[PDB]
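Asker: Just dropping this structure here.
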Amino acid sequence: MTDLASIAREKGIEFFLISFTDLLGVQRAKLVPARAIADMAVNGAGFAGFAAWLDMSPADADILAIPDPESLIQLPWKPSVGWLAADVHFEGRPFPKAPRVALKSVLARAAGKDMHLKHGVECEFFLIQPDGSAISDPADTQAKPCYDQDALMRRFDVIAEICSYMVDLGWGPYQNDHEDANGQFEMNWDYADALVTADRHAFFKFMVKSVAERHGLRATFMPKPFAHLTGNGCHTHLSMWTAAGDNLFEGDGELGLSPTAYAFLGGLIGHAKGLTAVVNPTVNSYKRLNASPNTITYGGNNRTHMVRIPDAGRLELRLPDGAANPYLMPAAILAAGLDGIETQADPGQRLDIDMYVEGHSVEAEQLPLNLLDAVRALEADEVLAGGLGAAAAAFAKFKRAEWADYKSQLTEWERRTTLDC
Amino acid sequence: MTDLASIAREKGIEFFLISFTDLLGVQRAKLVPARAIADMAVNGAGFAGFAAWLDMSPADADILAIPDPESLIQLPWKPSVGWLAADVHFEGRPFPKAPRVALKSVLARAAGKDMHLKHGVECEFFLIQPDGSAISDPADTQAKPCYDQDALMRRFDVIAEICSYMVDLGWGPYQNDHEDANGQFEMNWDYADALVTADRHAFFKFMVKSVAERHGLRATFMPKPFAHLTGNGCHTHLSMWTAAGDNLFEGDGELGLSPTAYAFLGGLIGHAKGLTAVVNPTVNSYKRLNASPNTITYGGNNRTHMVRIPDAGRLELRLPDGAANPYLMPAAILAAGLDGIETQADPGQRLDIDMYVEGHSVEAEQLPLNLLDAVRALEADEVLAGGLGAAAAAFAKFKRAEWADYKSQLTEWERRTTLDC
Amino acid sequence: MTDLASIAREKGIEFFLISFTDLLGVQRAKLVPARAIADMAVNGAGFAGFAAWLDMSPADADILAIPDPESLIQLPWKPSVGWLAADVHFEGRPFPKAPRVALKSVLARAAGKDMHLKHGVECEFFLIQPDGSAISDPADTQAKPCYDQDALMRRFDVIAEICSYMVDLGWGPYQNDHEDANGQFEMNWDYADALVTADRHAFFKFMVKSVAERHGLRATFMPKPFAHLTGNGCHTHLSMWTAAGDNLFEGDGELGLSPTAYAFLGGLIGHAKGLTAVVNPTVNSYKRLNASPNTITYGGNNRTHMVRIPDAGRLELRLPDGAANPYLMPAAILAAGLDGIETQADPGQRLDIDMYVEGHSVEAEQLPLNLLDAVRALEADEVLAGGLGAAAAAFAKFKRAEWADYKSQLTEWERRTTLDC
Ligand SMILES: Nc1ncnc2c1ncn2[C@@H]1O[C@H](COP(=O)(O)OP(=O)(O)O)[C@@H](O)[C@H]1O
Ligand SMILES: Nc1ncnc2c1ncn2[C@@H]1O[C@H](COP(=O)(O)OP(=O)(O)O)[C@@H](O)[C@H]1O
Ligand SMILES: Nc1ncnc2c1ncn2[C@@H]1O[C@H](COP(=O)(O)OP(=O)(O)O)[C@@H](O)[C@H]1O
């Protein structure tokens, strides 16, 4: 790996965006001219951490975001700018409250046991009007819009541009779909080592929002952006691999899954409640859990349970939504899963039923149904909090304030239903 | 007591409003011509209970609301109509889920022990525009509007009319004030036997709303109707009396209070959390508990604690808000208090401090901070649920549905704070 | 077979639209980058079938749409994209509820008797404003607009573009007409093997809609889109052929038709009622049957009957409308016809009269006059239902639901005519 300064000269990069993800998933970046990249690659870009979602004080020394040169992406729509993901450092060490640092820590524990997490994300999003008031396509109106050829091709320019970028970047994109809400789309690409996928997922949201804007549109990954439409998931596909390239999840047990997979699964099931706080991290998230289908079960090739087993050597957690932190969520999933493996956790019986029809009759534990309860579940889950380190309590702090902020709002519903009390 | 038919002939009453209060405090009434009052006074007015907030089925027999002839009030603004409060009966017996029946049951238990609850209510309300969008007086704007002579006299017509009605009805009204929010008023009258006060409180809200409408205005008892203004309380004054006319609360202990009073108080303190669900019964209610001042303490002549001791032989519960059921709330207070007396409950130390300044430093139990948590507190409080009978679980059911209804609403705050997640 | 990956390289195709038609005729497609076509061509593109009109559950495994490489069409207006028609497979076999699969089944039965159905379609459509409120040409206004030269040429650019595409695609287009309603047009091309014509029919609607949109206009195949104008037919021309290449309908009987042709006709007459549900598949469809001409008769070179004999070796079914599924329609027609042939059905006497003038005096069976009755007829016709397989029952299920949805709408007619009852 050559230096970024030399790459800048060779590939015509004039500015670098040195970037990191805070606790709320917000992309924080600094635009640095190429003349300054050498110093910053080694010493890091200085940011006042208290000004981001990092649970820091104005009295603290500036954090130093150290770029991972392997993450470099020349913006495909603006190649004279080089994007870099970074680890936030504080007082000479990675700062445990930064999502990407948290993720790297859990990975290092799994890696030490020769277990390498790989995942793929299904990042649904909506294409909407710039003012956010409606979807971008007024002609996308029918009751079952999923895979609608007409509406898909009406947004060919934006979708095709983005997919072609992903081809060039080497993500191995393989399908673009219109999803089951009007105005909603999904663009899939190959799974990879968790850190690779996490970096891609963070960049992907930024690319989609950016390219949409250039087309006079807007993209949102909001969990439930419209009252009358279903929402955005981020269903996650999970497998564990040895450094020698074998999928520990492949086995001769049920459905081609191994004991390791089922123990991992058992951690997922066992830690589902606190896990919800992290993978459904906003007040808005909880609308998708109250629509009925809010219990903890799996699985099989069945898109009706919290966990689906799509094929051999693979689990799909169907819990995370569009707001899920690209680093915190694989981190939290891995912590729960690793615990499952170590404790030989038992997932219980696979249910081969349609939960939307027969779910009412199944005795199952229930997920937390609002942000506050979910945070409480996270705080009571010591194994999970310990797996995320200091990030967990900082996350719980912020979400509790969001909760109180939300509840303090005077809504129309309140006035409509209470004015005559 | 003569018959209502004979009174109708003598006082020129052409219609009776036979009325009862459901679990949400909603006044349900039927307008019956005088020719039919005799049968209904004895047999009751038939209502389909499932259509009110009574937790009933369409398959149930109609309830029979039996008028309390002693409650009769010729509408002062329309004397040809006679208003009556009623006990809802079902299958030949008072229906334990009806608020007024619940209240009468608790009273009968206290009465059996020669303890007679008397209370006064401070029913603050706002005078607002008919469309509810702003207060009725655009010139009522200053930062400290409390007792504002100008704004008070600007609403003299409406206030004076209502107070004069209360004089004629024999309620012993003694003061009308502009309260500490712009547009907010209060009109006090003498305390009385709980059932008398409860009937008056129910009628009072109706009279104020009715008279406001006749003046082209509107009244609301909503807890927190405006984002920028403080809200409506219903602080309640409480004492217990023997049939021989002695105030059991008067004594030689601290502040002129007796051991009975302090044990009653101890029930209040001891049952405060579940009590909150009943006396802060709406989602909206909880805004007033998050503004800081949400802990459980008393007292002294100090408007800064959950309980104030204004004078000898008197407790003021400063907890209830404008949405409090006129029957359920004295009922719930009495259940908690009676328990305190029977268990010789200990309130702990009176705090002679200003909670708004030093509250942060006091170790005290905290009230529930949202409707859901408050309902949970009610459900966990067996003594309190048992004291209200079947009304308690029916109340909890409805409020839980209100909670889920509220949370399902897509708010602007959500879109503003999450669209860019 | 030069593979799709190879064809993509040489033809410069960057994306494929893998498409299938659902039970409501809706085009469902996935946009796949060339780099992924090889795998999808072999294994199929995955779709959640419950999200389309296929009568499935979210608990079902995804269907796999397997593309027919012989259907490949480079979109003539956007040749970097390659459209493919696909067969829906479920759990390792063709999904009988998918129209194209159902059609292929019926064709295989017939093929097994050396009878190969060939058909051509007259897919009338309107050109309208994007908002759908009026036709595209405000100057197209005369009482008898059929074949209007001015209006035809006023839309030359769009019509000519589409026709030239059909020339290049090898469909053998031969005429473009302005039809007998203002704003209505028709573009004819050579008949072919049923499956070829079906795929083309499906693609054609998409082409016309897409090209219209590129010209700032819009196309609709809605059966009756305007209250004041006549509607869109999809009249179908039908013949049966041996593999040797002879037209089984050509014979010595009347009008140059054979006994086989007449028995086929007899199946059409015999199953006309049930057939109506499939080829008039919407509530809106039934307007064209209540506008008189709704009895079951043929024929001769006479456009006044349900079936017309245009010439030797050919039958024209004048029943299907613009909403007819391009796959279900020929399938249902073939099912009926084959039965006619197997049972030696007697079509009755040819009526050489004008049904518009003398039709009232003829004794003939009447077609069903609304969607509900038509569905009932489909369900009662077990020979027809059995011939379409599971597609029939799923179709009827959806249509019964559409019917209930329609009836549940509060129409202005209802209010105008009932408000004063
Ligand atoms: N063994 C695996 N481990 C982790 N992720 C995987 C694995 N296999 C596939 N994926 C990823 O899961 C995501 C979804 O894949 P997909 O084949 O579309 O699943 P499905 O057919 O169930 O919808 C993709 O990003 C994909 O690359
Ligand atoms: N001994 C009592 N028991 C119950 N309520 C009382 C008692 N004495 C007064 N009240 C009532 O309490 C309410 C408030 O009285 P008020 O004298 O204005 O109290 P404060 O001075 O503390 O504001 C009135 O309705 C009043 O009649
Ligand atoms: N023998 C046949 N079998 C099936 N379809 C046919 C046959 N001959 C013609 N067609 C198709 O029927 C459609 C109508 O043909 P056309 O010549 O316009 O007849 P008409 O003048 O009666 O409308 C055309 O699309 C044509 O391809």
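Residue numbering restarts at 1 in every chain; chains get A, B, ... in the order shown in the structure tokens, and ligands count up from 1 in that same order.
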Taking the DSSP secondary structure from the backbone, can you list the residues of segment 54-182 of chain B that are helix (DSSP H, G or I), as number ranges by chain?
Answerer: B: 69-71, 99-112, 149-154, 156-169
Asker: Kindly work out which residues sit at most 9 Å from ligand 1, using only C-alpha atoms and all ligand atoms, and give the list as a PyMOL selection string.
Answerer: (chain A and resi 117-122+172-175+188-193+235-241+247+249-250+301+303+308-316) or (chain C and resi 45-48+61-62)
Asker: Write out as a ChimeraX atom specification which residues come within 9 Å of residue 330 of chain B when counting only C-alpha atoms, dropping same-chain ones fewer than 4 positions away.
Answerer: /B:103,117,119,194-195,198,236,325-326,334-335
Asker: Please produce a file of those selected residues containing C-alpha atoms, as a PDB file, in the first residue's frame.
Answerer:
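So the final result, stored in result.pdb, reads:
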```
ATOM      1  CA  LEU B 103     -66.854   6.085  44.108  1.00  0.00           C
ATOM      2  CA  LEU B 117     -64.498  12.037  52.819  1.00  0.00           C
ATOM      3  CA  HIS B 119     -63.073  17.374  49.116  1.00  0.00           C
ATOM      4  CA  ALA B 194     -67.161  13.671  48.159  1.00  0.00           C
ATOM      5  CA  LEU B 195     -70.249  12.556  46.196  1.00  0.00           C
ATOM      6  CA  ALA B 198     -67.962  14.856  42.386  1.00  0.00           C
ATOM      7  CA  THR B 236     -57.750  18.374  45.413  1.00  0.00           C
ATOM      8  CA  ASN B 325     -62.271  11.729  36.315  1.00  0.00           C
ATOM      9  CA  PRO B 326     -64.534  13.571  38.786  1.00  0.00           C
ATOM     10  CA  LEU B 334     -59.880   7.421  49.129  1.00  0.00           C
ATOM     11  CA  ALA B 335     -58.813   3.830  48.470  1.00  0.00           C
TER      12      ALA B 335
END
```
Asker: Which neighbours of residue 404 of chain B fall inside 9 Å, counting only C-alpha atoms, when residues of the same chain fewer than 5 positions from it are skipped, and could you give them as a list in words?
Answerer: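 Surrounding residues, per the criterion: residues 290 of chain A; 399 and 409 of chain B.
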Asker: Kindly save the residues from that selection, with N, CA and C atoms included, as a PDB file, in the first residue's frame.
Answerer:
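Writing the result to selection01.pdb gives the following:
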```pdb
ATOM      1  N   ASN A 290     -45.381  -2.659  15.882  1.00  0.00           N
ATOM      2  CA  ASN A 290     -46.746  -2.587  16.398  1.00  0.00           C
ATOM      3  C   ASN A 290     -47.813  -2.676  15.296  1.00  0.00           C
TER       4      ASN A 290
ATOM      5  N   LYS B 399     -56.632   2.867  28.652  1.00  0.00           N
ATOM      6  CA  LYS B 399     -55.454   3.717  28.575  1.00  0.00           C
ATOM      7  C   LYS B 399     -54.313   3.072  27.805  1.00  0.00           C
ATOM      8  N   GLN B 409     -49.192   7.149  15.786  1.00  0.00           N
ATOM      9  CA  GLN B 409     -49.252   8.389  15.012  1.00  0.00           C
ATOM     10  C   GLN B 409     -47.862   8.773  14.495  1.00  0.00           C
TER      11      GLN B 409
END
```
Asker: Out of segment 213-411 of chain C, which residues get strand (DSSP E or B) from DSSP, as a list in words?
Answerer: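 Residues meeting the strand (DSSP E or B) criterion: residues 218, 219, 220, 233, 234, 235, 236, 237, 238, 239, 240, 241, 247, 250, 257, 295, 298, 307, 308, 309, 310, 311, 314, 315, 316, 317, 321 and 366 of chain C.
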Asker: What's the 10 Å shell around residue 262 of chain A, counting only C-alpha atoms, without same-chain residues fewer than 5 positions away, as an MDAnalysis selection string?
Answerer: chainID A and resid 249 253:254 257 267:268 315 337 340:341 344:348
Asker: With a distance threshold of 8 Å and counting only C-alpha atoms, extract the residues of chain C near chain A and express them as a PyMOL selection string.
Answerer: chain C and resi 19+26-33+35-36+51-53+57-61+206+210
Asker: So which residues touch residue 230 of chain C within 9 Å, counting only C-alpha atoms, skipping near sequence neighbours fewer than 4 positions away, as a PyMOL selection string?
Answerer: chain C and resi 180-182+223-226+288+291
Asker: Would you mind listing what lies within 7 Å of segment 73-80 of chain B as a short mmCIF file (atom, residue, chain, number, x, y, z; two decimals) with N, CA, C and O atoms, in the first residue's frame, with only C-alpha atoms counted and same-chain residues fewer than 3 positions away left out?
Answerer:
```cif
data_model
loop_
_atom_site.label_atom_id
_atom_site.label_comp_id
_atom_site.auth_asym_id
_atom_site.auth_seq_id
_atom_site.Cartn_x
_atom_site.Cartn_y
_atom_site.Cartn_z
N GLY B 12 -91.41 24.15 35.80
CA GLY B 12 -91.40 24.40 34.36
C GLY B 12 -90.30 23.66 33.63
O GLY B 12 -89.68 24.22 32.72
N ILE B 13 -90.05 22.42 34.02
CA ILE B 13 -89.04 21.59 33.35
C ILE B 13 -89.70 20.73 32.27
O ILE B 13 -90.60 19.94 32.56
N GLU B 14 -89.24 20.90 31.03
CA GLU B 14 -89.82 20.22 29.87
C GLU B 14 -89.02 18.99 29.43
O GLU B 14 -89.57 18.05 28.86
N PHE B 15 -87.73 19.01 29.72
CA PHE B 15 -86.86 17.89 29.39
C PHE B 15 -85.91 17.64 30.54
O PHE B 15 -85.54 18.56 31.26
N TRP B 83 -80.98 18.63 34.61
CA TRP B 83 -79.85 17.71 34.60
C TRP B 83 -79.83 16.81 35.83
O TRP B 83 -80.03 17.27 36.96
N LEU B 84 -79.57 15.52 35.61
CA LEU B 84 -79.48 14.55 36.69
C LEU B 84 -78.24 13.69 36.50
O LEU B 84 -77.96 13.25 35.39
N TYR B 165 -74.22 31.74 38.73
CA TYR B 165 -74.96 30.48 38.71
C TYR B 165 -74.61 29.66 39.95
O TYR B 165 -75.49 29.08 40.59
#
```
Asker: What is the atom CA of residue 281 of chain C-atom CA of residue 371 of chain C distance in Å, reported with one decimal?
Answerer: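 Those two atoms sit 7.2 Å apart.
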Asker: Between atom CA of residue 72 of chain C and atom CA of residue 196 of chain C, what distance in Å does the model show, to one decimal?
Answerer: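 Answer for the atom CA of residue 72 of chain C to atom CA of residue 196 of chain C separation: 11.5 Å.
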Asker: Rounded to one decimal place, report the atom CA of residue 333 of chain B-atom CA of residue 124 of chain B distance in Å.
Answerer: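 These two atoms are separated by 19.4 Å.
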Asker: I'd like to know which of C:323, C:385, C:134, C:7 is closest to residue 229 of chain C, using only C-alpha atoms.
Answerer: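 Once distances to residue 229 of chain C are computed over only C-alpha atoms, the minimum belongs to C:134.
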Asker: Identify which of the residues C:274, C:322, C:245, C:368 lies closest to ligand 3, counting only C-alpha atoms and all ligand atoms when measuring atom-to-atom distances.
Answerer: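 The answer is C:245, which sits nearest to ligand 3.
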